[PDB]
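Peer 1: Shown below is the structure under consideration.
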Amino acid sequence: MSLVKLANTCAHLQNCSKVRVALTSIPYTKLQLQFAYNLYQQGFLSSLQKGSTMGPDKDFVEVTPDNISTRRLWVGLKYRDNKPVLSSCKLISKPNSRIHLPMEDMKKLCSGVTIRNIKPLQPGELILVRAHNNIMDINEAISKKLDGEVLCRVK
Amino acid sequence: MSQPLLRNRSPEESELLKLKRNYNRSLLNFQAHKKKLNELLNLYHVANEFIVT
Amino acid sequence: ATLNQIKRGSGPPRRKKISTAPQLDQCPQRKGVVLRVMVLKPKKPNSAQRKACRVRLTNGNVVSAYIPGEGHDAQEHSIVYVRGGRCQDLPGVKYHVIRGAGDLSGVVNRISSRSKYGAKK
Amino acid sequence: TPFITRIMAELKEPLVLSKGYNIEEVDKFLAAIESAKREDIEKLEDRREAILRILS
Amino acid sequence: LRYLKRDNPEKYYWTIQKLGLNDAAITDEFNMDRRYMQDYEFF
Amino acid sequence: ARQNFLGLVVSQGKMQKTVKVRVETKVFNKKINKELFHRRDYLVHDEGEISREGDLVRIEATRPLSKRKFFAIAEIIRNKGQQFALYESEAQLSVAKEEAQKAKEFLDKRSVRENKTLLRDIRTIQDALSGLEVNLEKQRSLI
RNA sequence: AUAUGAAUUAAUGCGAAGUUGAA
RNA sequence: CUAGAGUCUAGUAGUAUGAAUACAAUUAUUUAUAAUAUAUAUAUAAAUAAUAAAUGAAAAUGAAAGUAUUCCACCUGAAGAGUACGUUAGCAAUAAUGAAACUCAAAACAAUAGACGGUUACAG
RNA sequence: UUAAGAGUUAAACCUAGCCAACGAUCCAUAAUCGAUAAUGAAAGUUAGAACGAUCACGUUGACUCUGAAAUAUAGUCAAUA
RNA sequence: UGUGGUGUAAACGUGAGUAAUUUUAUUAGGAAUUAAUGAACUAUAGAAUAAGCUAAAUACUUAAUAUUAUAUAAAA
RNA sequence: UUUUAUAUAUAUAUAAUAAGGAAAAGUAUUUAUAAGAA
Ligand SMILES: [Mg+2]
Ligand SMILES: [Mg+2]
Ligand SMILES: [Mg+2]
Ligand SMILES: [Mg+2]
Ligand SMILES: [Mg+2]
Ligand SMILES: [Mg+2]
Ligand SMILES: [Mg+2]
Ligand SMILES: [Mg+2]
Ligand SMILES: [Mg+2]
Ligand SMILES: [Mg+2]
């Protein structure tokens with residue numbers, strides 16, 4: 001659940017996009033898995049695969065403590081019309097200053113107001129909020145009236 | 001995402017894994033024991049030539 | 001620089017405003033008495049014979065004040081009123097004597113910017 | 001500290017062998033080799049002594 | 001040994017007593033400043 | 001209700017029936033835009049002297065009990081300081097028994113070696129005439 | 001101690017046209 | 001420079017491109033291993049050089065002066081000034097901490113074209 | 001003693017503590033604040049005149065009576081004029 | 001202009017002191033778990049006696065009549 | 001891929017074999033708003 005690991009993942013995706021690599025890997029943790037799934041469902045990532053450090057898994061493998069150390073989540077990146085779909089990725093809640101917003105301030109952020117010096121939501125943008133150990137889009141978090149921590153911003 | 005990420009090992013698996021790891025460690029000890037005994041064997045073989053008297 | 005360093009005291013430099021008329025102790029003007037009237041040469045490139053006076057104020061400080069206008073009627077021990085403003089081409093005269101107050105009269109035969117020079121019409 | 005005393009005493013015991021060896025095991029191995037030939041006493045004793053002096 | 005204190009309080013005191021140390025020695029800040037050597041006559 | 005705080009005991013026994021409890025709260029610093037913690041040390045009343053340094057406790061507001069002591073110990077959330085005290089007291093002698101028997105064993109092996117020649121005996125019988133390996137074999141067999 | 005004045009006294013800022021060295 | 005010893009020892013004193021983590025396209029050399037049968041113009045790594053993208057005021061950097069995270073130290077125009085005073089240690093020397101008023105619209109950095117130099121050579 | 005806790009004040013006896021480089025103690029300065037005023041895009045910054053809320057004082061210091069509540073713009077004593 | 005009752009703890013003005021040892025701001029904050037205090041009105045009941053001293057009294061004195069601490073239980 | 005077949009010592013080397021094909025028409029409020037010059 002480290003914001004440090006998530007920040008490292010965000011920078012890794014940015015770098016992978018800038019050099020135009022089709023397939024890369026990230027740590028296989030539930031925060032990373034939920035993050036990758038939310039990016040993928042919104043069309044930012046081409047595909048998710050299970051794998052090891054060497055590469056994606058050929059056949060299905062059970063996840064146990066024996067192999068957990070070398071497990072990796074292989075994300076495939078989308079490049080459309082000679083441009084990267086996942087152009088940029090940022091962390092709103094830094095490990096120093098963590099931003100836990102109530103639902104009203106999330107509505108304000110989605111409505112264009114700057115709360116706690118957070119630049120509000122933009123049209124083509126995606127903001128992720130973790131509530132009670134589940135990652136979800138900020139719009140859905142508002143839809144479920146869930147208080148949560150705002151994590152990141154991928155544009 | 002709802003399901004647990006990893007299936008924790010049952011205690012039977014824990015015991016079996018203990019057996020494997022102890023086998024590895026004891027095998028290393030066994031090799032080292034062979035080597036020390038062989039070195040002692042060669043030392044005693046040639047100890048005729050050494051001069052203690 | 002870092003959030004803790006910012007917290008511990010570091011930050012943007014204070015855009016501090018110091019007074020350009022310190023001896024007026026945050027007053028628009030102050031009354032004063034002219035000890036002597038002195039003629040001084042400004043810093044070059046400018047060349048002139050500029051009229052200034054040494055003034056003891058009512059708060060007790062002593063200042064140097066430029067006497068504007070074509071003609072000054074100020075002698076020693078005259079009563080004057082001093083406002084802020086420095087003679088730019090003369091170092092050390094940080095104040096302006098008011099014309100039309102105390103023993104300083106309005107500029108004679110002044111017809112434009114009369115208010116600044118104490119003239120009447 | 002009693003623990004340190006015992007540990008540092010074990011080093012200075014009258015006869016303790018190095019490199020992972022102990023007197024009992026070397027004795028067993030020497031006697032075993034001596035037996036092996038079956039299927040002058042002075043020389044074998046001083047040979048043993050030289051071995052032990054080597055490993056002290 | 002500080003970590004041992006946090007993890008296993010019993011084994012920690014067992015260990016510091018066996019090795020000849022009070023909790024004060026482990027817990028406090030220590031450096032071999034020469035004043036330490038003068039205090040305990042290290043040389 | 002009466003003010004209740006959760007804290008950690010820091011100083012105990014320096015005083016009579018009084019302890020010091022470190023209390024931590026959350027506050028929003030607008031200047032740095034951070035939800036940061038703030039610390040304060042409360043002089044708290046301990047009656048019964050059931051407090052030890054390193055205990056997590058709940059302190060509750062009371063009448064003024066001294067110039068600076070307006071709180072009293074309410075509940076020991078965790079008694080880890082008491083555990084430390086007990087374990088110290090136990091260890092001081094628990095190690096001692098093991099040390100004594102260790103010394104006995106060490107001197108006993110000294111004596112056993114002191115009794116120790118058999119190369120003479122072994123040779124006399126020849127004139128008329130690995131355990132770890134077996135343990136490895138056991139481990140392999142069970143595996 | 002907080003101030004206010006002080007013979008005696010330390011340093012430095014400016015400017016006038018210059019004077020002297022060659023760092 | 002100070003003490004003890006017969007010149008030595010023991011000293012006082014403390015001057016004269018931050019660290020870590022994740023990631024980041026090539027080429028060419030080497031370098032160290034791991035192989036397979038000198039050949040696979042062998043793969044895996046680190047060192048060196050030129051790059052790409054990226055960054056930068058540029059020079060230039062180019063696996064870092066790049067993308068990100070965390071911790072610390074430091075800077076806030078020039079001069080006054082690392083000065084004065086006070087304190088801190090020191091027999092002292094010195095060191096550390098360290099201002100203020102006044103004066104000015106300056107000052108500085110990289111690079112561009114120039115004329116300049118006993119600056120270099122080279123020619124006509 | 002008080003209607004009432006408390007080294008608040010007075011008495012007695014114990015313990016050695018408490019605060020402090022996230023700045024004590026000391027010094028200088030200041031009445032404090034708002035749904036008040038000024039300003040800014042805002043965070044904030046400034047003022048505390050005016051409207052309103054709280055405190056302190058009624059030439060200076062201490063004490064006393066009354067009283068539920070006062071060291072009262074009261075009384076006594078002293079200081080200054 | 002004699003004896004008495006009520007009123008001047010308010011309001012008015014000021015910002016000296018005050019960096020908190022009692023000040024200001026805030027809390028759906030507390031207890032010691034604040035008095036047989038009503039200060040001045042409301043709604044209810046009752047009572048309003050005797051002497052003295054004042055020149056006299058609704059002035060003053062003296063006297064008459066009208067919650068807490070115990071003990072027993074009950075609960076929480 | 002999978003399943004079997006032969007051979008060899010439950011396993012190994014070889015040969016063959018592959019189940020994923022569906023069609024249908026019609027069914028605004030967008031929000032707060034930060035400029036520089038010599
Ligand atoms: Mg004041
Ligand atoms: Mg103020
Ligand atoms: Mg005031
Ligand atoms: Mg006001
Ligand atoms: Mg007014
Ligand atoms: Mg008063
Ligand atoms: Mg007056
Ligand atoms: Mg008074
Ligand atoms: Mg009043
Ligand atoms: Mg009456």
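Identifiers in this document derive from the order of the structure tokens: chains are assigned A, B, ..., residues are numbered from 1 separately in each chain, and ligands are numbered from 1 in order of occurrence.
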Show me which residues are within 12 Å of ligand 7 counting only C-alpha atoms (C1' of nucleotides) and all ligand atoms, and format the list as a list in words.

Peer 2: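 My answer, listing the contacting residues, is residues 57, 58, 59, 60, 73 and 81 of chain I; 13, 14 and 16 of chain J.
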
Peer 1: For the selection you just gave me, I'd like the residues written to a file as a PDB file, in the first residue's frame, keeping C-alpha atoms (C1' of nucleotides).

Peer 2:
ATOM      1  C1'   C I  57      -8.700  50.832  34.633  1.00  0.00           C
ATOM      2  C1'   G I  58     -11.385  55.810  36.629  1.00  0.00           C
ATOM      3  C1'   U I  59      -4.282  60.360  39.566  1.00  0.00           C
ATOM      4  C1'   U I  60      -0.626  55.915  42.056  1.00  0.00           C
ATOM      5  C1'   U I  73     -14.653  55.873  40.800  1.00  0.00           C
ATOM      6  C1'   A I  81      -0.636  68.174  42.625  1.00  0.00           C
TER       7        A I  81
ATOM      8  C1'   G J  13     -15.128  57.173  29.079  1.00  0.00           C
ATOM      9  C1'   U J  14     -10.475  55.214  28.468  1.00  0.00           C
ATOM     10  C1'   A J  16      -2.234  52.585  31.288  1.00  0.00           C
TER      11        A J  16
END

Peer 1: Hey, which residues sit close to ligand 10? Say within 12 Å, counting only C-alpha atoms (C1' of nucleotides) and all ligand atoms, and write them as a ChimeraX atom specification.

Peer 2: /J:4-5,57-61

Peer 1: As a list in words, could you give me every residue of chain F near chain J (at most 9 Å apart, counting only C-alpha atoms (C1' of nucleotides))?

Peer 2: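 Taking only C-alpha atoms (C1' of nucleotides) into account, residues 1, 2, 3, 61, 62, 63 and 64 of chain F sit within 9 Å of chain J.
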
Peer 1: The selected residues should be written to file as a PDB file, in the first residue's frame (atoms: N, CA and C atoms).

Peer 2:
ATOM      1  N   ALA F   1     -18.556  14.839  27.288  1.00  0.00           N
ATOM      2  CA  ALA F   1     -18.092  13.995  28.381  1.00  0.00           C
ATOM      3  C   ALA F   1     -16.727  14.457  28.863  1.00  0.00           C
ATOM      4  N   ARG F   2     -16.230  13.815  29.917  1.00  0.00           N
ATOM      5  CA  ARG F   2     -14.911  14.147  30.437  1.00  0.00           C
ATOM      6  C   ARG F   2     -13.859  13.874  29.371  1.00  0.00           C
ATOM      7  N   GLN F   3     -12.921  14.806  29.212  1.00  0.00           N
ATOM      8  CA  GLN F   3     -11.923  14.673  28.159  1.00  0.00           C
ATOM      9  C   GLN F   3     -11.099  13.412  28.368  1.00  0.00           C
ATOM     10  N   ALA F  61      -9.877  13.398  32.265  1.00  0.00           N
ATOM     11  CA  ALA F  61      -9.863  14.663  32.984  1.00  0.00           C
ATOM     12  C   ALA F  61     -10.444  14.496  34.381  1.00  0.00           C
ATOM     13  N   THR F  62      -9.879  15.231  35.336  1.00  0.00           N
ATOM     14  CA  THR F  62     -10.330  15.199  36.718  1.00  0.00           C
ATOM     15  C   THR F  62     -10.307  16.612  37.276  1.00  0.00           C
ATOM     16  N   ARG F  63     -10.622  16.721  38.560  1.00  0.00           N
ATOM     17  CA  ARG F  63     -10.454  17.982  39.255  1.00  0.00           C
ATOM     18  C   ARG F  63      -8.969  18.337  39.285  1.00  0.00           C
ATOM     19  N   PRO F  64      -8.626  19.611  39.454  1.00  0.00           N
ATOM     20  CA  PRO F  64      -7.216  19.960  39.641  1.00  0.00           C
ATOM     21  C   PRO F  64      -6.620  19.227  40.831  1.00  0.00           C
TER      22      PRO F  64
END

Peer 1: When you look at residue 33 of chain C with a cut-off of 7 Å (counting only C-alpha atoms (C1' of nucleotides)), what residues show up, excluding the ones that are within fewer than 6 positions of it in the same chain? I need them as a PDB file with C-alpha atoms, in the first residue's frame.

Peer 2:
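Okay, result35.pdb is ready:
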ATOM      1  CA  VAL C  55      16.089  70.722  10.063  1.00  0.00           C
ATOM      2  CA  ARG C  56      15.568  69.603  13.659  1.00  0.00           C
ATOM      3  CA  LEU C  57      12.120  68.020  13.848  1.00  0.00           C
ATOM      4  CA  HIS C  77      15.747  79.350  12.723  1.00  0.00           C
ATOM      5  CA  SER C  78      12.811  79.419  10.293  1.00  0.00           C
ATOM      6  CA  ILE C  79       9.824  77.189  11.060  1.00  0.00           C
ATOM      7  CA  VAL C  80       9.127  74.641   8.319  1.00  0.00           C
TER       8      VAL C  80
END

Peer 1: Which residues, written as a PDB file with N, CA, C and O atoms, in the first residue's frame, have at least one atom at most 9 Å from residue 37 of chain B, with only C-alpha atoms (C1' of nucleotides) counted and residues fewer than 4 positions away on the same chain left out?

Peer 2:
ATOM      1  N   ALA B  32      30.777 -30.620   3.593  1.00  0.00           N
ATOM      2  CA  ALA B  32      31.893 -30.044   4.338  1.00  0.00           C
ATOM      3  C   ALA B  32      32.554 -31.090   5.225  1.00  0.00           C
ATOM      4  O   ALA B  32      33.781 -31.090   5.396  1.00  0.00           O
ATOM      5  N   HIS B  33      31.754 -31.994   5.794  1.00  0.00           N
ATOM      6  CA  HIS B  33      32.311 -33.039   6.642  1.00  0.00           C
ATOM      7  C   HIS B  33      33.175 -33.994   5.831  1.00  0.00           C
ATOM      8  O   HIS B  33      34.283 -34.353   6.251  1.00  0.00           O
ATOM      9  N   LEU B  41      42.623 -37.108   6.274  1.00  0.00           N
ATOM     10  CA  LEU B  41      43.144 -38.373   5.775  1.00  0.00           C
ATOM     11  C   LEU B  41      44.457 -38.176   5.032  1.00  0.00           C
ATOM     12  O   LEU B  41      45.426 -38.903   5.270  1.00  0.00           O
ATOM     13  N   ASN B  42      44.520 -37.181   4.151  1.00  0.00           N
ATOM     14  CA  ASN B  42      45.759 -36.934   3.418  1.00  0.00           C
ATOM     15  C   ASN B  42      46.856 -36.420   4.346  1.00  0.00           C
ATOM     16  O   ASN B  42      48.037 -36.782   4.200  1.00  0.00           O
TER      17      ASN B  42
ATOM     18  N   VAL D  26      38.994 -37.001  15.400  1.00  0.00           N
ATOM     19  CA  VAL D  26      40.289 -37.351  14.830  1.00  0.00           C
ATOM     20  C   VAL D  26      40.766 -38.683  15.392  1.00  0.00           C
ATOM     21  O   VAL D  26      41.335 -39.507  14.667  1.00  0.00           O
ATOM     22  N   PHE D  29      38.963 -41.419  13.550  1.00  0.00           N
ATOM     23  CA  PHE D  29      39.382 -41.608  12.168  1.00  0.00           C
ATOM     24  C   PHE D  29      40.770 -42.239  12.101  1.00  0.00           C
ATOM     25  O   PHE D  29      41.026 -43.120  11.268  1.00  0.00           O
TER      26      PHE D  29
END

Peer 1: Identify, counting only C-alpha atoms (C1' of nucleotides) and all ligand atoms, the protein, DNA and RNA residues located within 10 Å of ligand 1, and give them as a PyMOL selection string.

Peer 2: (chain I and resi 29-31) or (chain J and resi 15-18)

Peer 1: Can you write out the residues you just picked, keeping N, CA, C and O atoms (P, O5', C5', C4', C3', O3' and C1' of nucleotides), as a PDB file, in the first residue's frame?

Peer 2:
ATOM      1  P     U I  29       9.035  48.891  25.846  1.00  0.00           P
ATOM      2  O5'   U I  29       8.011  48.337  24.761  1.00  0.00           O
ATOM      3  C5'   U I  29       8.105  48.742  23.405  1.00  0.00           C
ATOM      4  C4'   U I  29       7.205  47.927  22.513  1.00  0.00           C
ATOM      5  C3'   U I  29       5.723  47.963  22.842  1.00  0.00           C
ATOM      6  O3'   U I  29       5.074  49.134  22.387  1.00  0.00           O
ATOM      7  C1'   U I  29       6.377  45.735  22.475  1.00  0.00           C
ATOM      8  P     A I  30       3.808  49.708  23.188  1.00  0.00           P
ATOM      9  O5'   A I  30       2.673  48.620  22.934  1.00  0.00           O
ATOM     10  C5'   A I  30       2.212  48.354  21.618  1.00  0.00           C
ATOM     11  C4'   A I  30       1.175  47.259  21.596  1.00  0.00           C
ATOM     12  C3'   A I  30       0.060  47.368  22.620  1.00  0.00           C
ATOM     13  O3'   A I  30      -0.942  48.299  22.248  1.00  0.00           O
ATOM     14  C1'   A I  30       0.872  45.155  22.578  1.00  0.00           C
ATOM     15  P     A I  31      -1.538  49.329  23.327  1.00  0.00           P
ATOM     16  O5'   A I  31      -2.627  48.472  24.106  1.00  0.00           O
ATOM     17  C5'   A I  31      -3.552  47.664  23.402  1.00  0.00           C
ATOM     18  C4'   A I  31      -3.801  46.364  24.119  1.00  0.00           C
ATOM     19  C3'   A I  31      -4.489  45.285  23.300  1.00  0.00           C
ATOM     20  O3'   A I  31      -3.588  44.558  22.487  1.00  0.00           O
ATOM     21  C1'   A I  31      -5.601  45.512  25.358  1.00  0.00           C
TER      22        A I  31
ATOM     23  P     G J  15      -7.675  55.894  24.557  1.00  0.00           P
ATOM     24  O5'   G J  15      -6.823  54.656  25.074  1.00  0.00           O
ATOM     25  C5'   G J  15      -5.849  54.822  26.096  1.00  0.00           C
ATOM     26  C4'   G J  15      -5.353  53.497  26.614  1.00  0.00           C
ATOM     27  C3'   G J  15      -4.716  52.594  25.561  1.00  0.00           C
ATOM     28  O3'   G J  15      -3.621  51.881  26.132  1.00  0.00           O
ATOM     29  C1'   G J  15      -6.542  51.478  26.559  1.00  0.00           C
ATOM     30  P     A J  16      -2.165  52.554  26.196  1.00  0.00           P
ATOM     31  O5'   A J  16      -2.108  53.191  27.650  1.00  0.00           O
ATOM     32  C5'   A J  16      -0.896  53.702  28.177  1.00  0.00           C
ATOM     33  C4'   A J  16      -0.766  53.379  29.642  1.00  0.00           C
ATOM     34  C3'   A J  16      -0.391  51.945  29.974  1.00  0.00           C
ATOM     35  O3'   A J  16       1.000  51.699  29.877  1.00  0.00           O
ATOM     36  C1'   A J  16      -2.234  52.585  31.288  1.00  0.00           C
ATOM     37  P     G J  17       1.539  50.289  29.334  1.00  0.00           P
ATOM     38  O5'   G J  17       1.137  49.253  30.475  1.00  0.00           O
ATOM     39  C5'   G J  17       1.623  49.400  31.801  1.00  0.00           C
ATOM     40  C4'   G J  17       0.875  48.510  32.760  1.00  0.00           C
ATOM     41  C3'   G J  17       0.911  47.025  32.443  1.00  0.00           C
ATOM     42  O3'   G J  17       2.086  46.396  32.918  1.00  0.00           O
ATOM     43  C1'   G J  17      -1.314  47.680  32.872  1.00  0.00           C
ATOM     44  P     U J  18       2.914  45.400  31.972  1.00  0.00           P
ATOM     45  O5'   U J  18       1.883  44.226  31.666  1.00  0.00           O
ATOM     46  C5'   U J  18       1.286  43.493  32.724  1.00  0.00           C
ATOM     47  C4'   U J  18       0.143  42.641  32.233  1.00  0.00           C
ATOM     48  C3'   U J  18       0.466  41.701  31.085  1.00  0.00           C
ATOM     49  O3'   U J  18       1.094  40.509  31.522  1.00  0.00           O
ATOM     50  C1'   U J  18      -1.549  42.844  30.626  1.00  0.00           C
TER      51        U J  18
END

Peer 1: Could you list the protein, DNA and RNA residues that have any atom within 9 Å of ligand 4, counting only C-alpha atoms (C1' of nucleotides) and all ligand atoms, and write them as a PyMOL selection string?

Peer 2: chain I and resi 36+48-52
